[PDB]
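Next up: a single chain in structure tokens, the form deposited in one PDB entry.
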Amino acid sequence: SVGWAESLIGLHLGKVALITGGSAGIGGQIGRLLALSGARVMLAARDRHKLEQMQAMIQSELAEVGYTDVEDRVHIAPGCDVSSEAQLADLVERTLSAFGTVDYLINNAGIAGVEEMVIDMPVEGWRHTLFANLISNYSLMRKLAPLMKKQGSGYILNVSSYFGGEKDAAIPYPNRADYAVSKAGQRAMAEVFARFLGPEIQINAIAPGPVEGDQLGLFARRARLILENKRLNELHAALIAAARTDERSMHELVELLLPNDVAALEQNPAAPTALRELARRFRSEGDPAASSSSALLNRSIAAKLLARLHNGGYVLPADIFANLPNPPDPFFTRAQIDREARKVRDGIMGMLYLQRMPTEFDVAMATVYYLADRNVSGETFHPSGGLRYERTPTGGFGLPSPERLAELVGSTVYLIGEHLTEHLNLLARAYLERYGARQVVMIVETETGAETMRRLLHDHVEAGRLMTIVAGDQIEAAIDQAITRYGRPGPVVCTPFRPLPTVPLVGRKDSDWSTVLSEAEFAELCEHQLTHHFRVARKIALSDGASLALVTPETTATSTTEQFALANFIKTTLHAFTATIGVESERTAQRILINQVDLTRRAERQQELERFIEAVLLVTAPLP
């Protein structure tokens, strides 16, 4: 053979591959190179025209190399939105009707997500990212693994990212928490399901680092989002800072912004120092041709600012920005955007050991070679990598210092949970009886959970030291009620309402898999064990003085091996969230700490509960 395709001819002959997100990017190249390797490929994506173009290019290339009947080797599945369970079912039916059993599931489709800080991230947007990027991967595995096991072989490859972290270390990805969590979950799925899916099925993840074009000059869109986010953060922080030492309401302070005139605000002797200094910064550091140097904000930034203030408990009319003067384009000049873009690019290039951006083709080639390896499962392959970014090793204690524990005297504690009644009882009693907290607000899910805690804590309920709130599916409003009625918290300890499910994770070879964890149950797992913590953190990260502990699920000697796997899946995946929001919290004027406490280790009862109390105290006791 002659030509670079030689390395490929026969490499994957006889295999059927399904590739989601197959019309462009790494997915299109994986589908191209698998087809050149002899596999029959189904390319799934939303846009019909781009899929048709990709299909025609691959078929033409196959013909050049000597394949016949190339129409039988490359099929497409257009209009496939992987965030829709119904459309994933249709994709599997279409693929099995075209080719029969699937050998390779290439879970490649991915959306960028909300691309906002957690405190600006709508809850439904976070959910959408999880459905598109993570739950879709489980869904397709659940539909195709039964046939793979029955035929005796199969392969599931999840296309994760360097920014999903590593097996025992988390990486923050600011303004991308939904994306990072989804990437971490794709990796965690391979790590924890491999022992169940073997020996018939291999499951691995790839985690490329930065790849050419993955931020779509190539960084101008990212640069503009960065500059818009900077303006939002600086305005919010100056308003919060001003409000600390000014008697006016937040409503009246925001009215100072309504002229939308940087020069006017700087010279307004009635404006608080922090807002006059901010305006001086916008002018001093701005581009005279950018309207951001003469105008404070625009409609989009104002909407996000208003939402932060509302979510932090400030009262303002919804129409407060309705008459805001619109700054003339450009809000940021091309000079400013290109400057920030060069900053982004130079930052990434400086982090790469090899000082060179891999291409989509390069990454796909390495991946298609890797797919030939029949002796690996449960691994995360890095087809590009070598980065100087700092990681946070996970899952490595004692009690905090006596001086920090004394700062809990008179504190207000929020505990969130329902299932873990023994933990909630003991933690409430430790804060109240050992460390002199003024009160504990117990936020549960249901009336039955409330009555259970009131019975366990009867003495403190009667004494007015334990209050109970029933949150249902409205945890944000429940936190609002607690703030209004009982005051802002110091310690906030967030445990999951729900236990882990007790269902099998794989089926017997000749079983219909009807009892195996369903696609809807996996979505519920994400809702109860990830989104629960995200919704609490999103609110508490606007609550000055809070120290938030996110607690992952318990495993006991009664727990099944499936529950141990799901606990480990959740621990890994939530660590991506915890690491990311920790960095984002450095940008608000509100001072908050966010830490994760894992109940499942790596495997009398009162000592295991006591170590939990100590771990929680270590991250919720403040410092003088």
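In case it trips you up, residue 1 is the first one in the sequence shown, and so on.
Beyond the structure shown, there is the form deposited with a small molecule bound, which is absent from this document and is the topic of what follows.
Peer 1: Out of the stretches listed (273-281, 154-162, 227-235, 92-100), which one is close to the small molecule in the deposited complex, meaning heavy atoms within 4.5 Å?
Peer 2: Heavy-atom contact with the partner occurs in 154-162.
Peer 1: May I ask you to state whether residue 208 is within 4.5 Å of the small molecule in the deposited complex, using heavy atom distances?
Peer 2: It does: once the small molecule is placed as it appears in the deposited complex, residue 208 has a heavy atom within 4.5 Å of it.
Peer 1: How about residue 552 - does it come within 4.5 Å of the small molecule in the deposited complex, if we only consider non-hydrogen atoms?
Peer 2: Because no heavy atom of residue 552 falls inside 4.5 Å of the small molecule in the deposited complex, the answer is no.
Peer 1: Consider residue 26 of the chain shown here, and say whether it contacts the small molecule in the deposited complex, taking contact as heavy atoms within 4.5 Å.
Peer 2: The answer is yes: residue 26 has a heavy atom within 4.5 Å of the small molecule.
Peer 1: Should residue 179 be classed as touching the small molecule in the deposited complex when contacts are defined as heavy atoms within 4.5 Å?
Peer 2: Heavy-atom contact with the small molecule at 4.5 Å: present for residue 179.
Peer 1: Is every one of 407, 433 and 490 in contact with the small molecule in the deposited complex, taking contact as a heavy atom within 4.5 Å?
Peer 2: So, no: the whole triplet misses the small molecule.
Peer 1: Among 81, 168, 451, 72, which has any heavy atom within 4.5 Å of the small molecule in the deposited complex?
Peer 2: Exactly one residue meets the criterion: 81.
Peer 1: Can you work out which of 362, 214, 519, 191 has a heavy atom no more than 4.5 Å from the small molecule in the deposited complex?
Peer 2: So the residue touching the small molecule in the deposited complex, by this definition, is 214.
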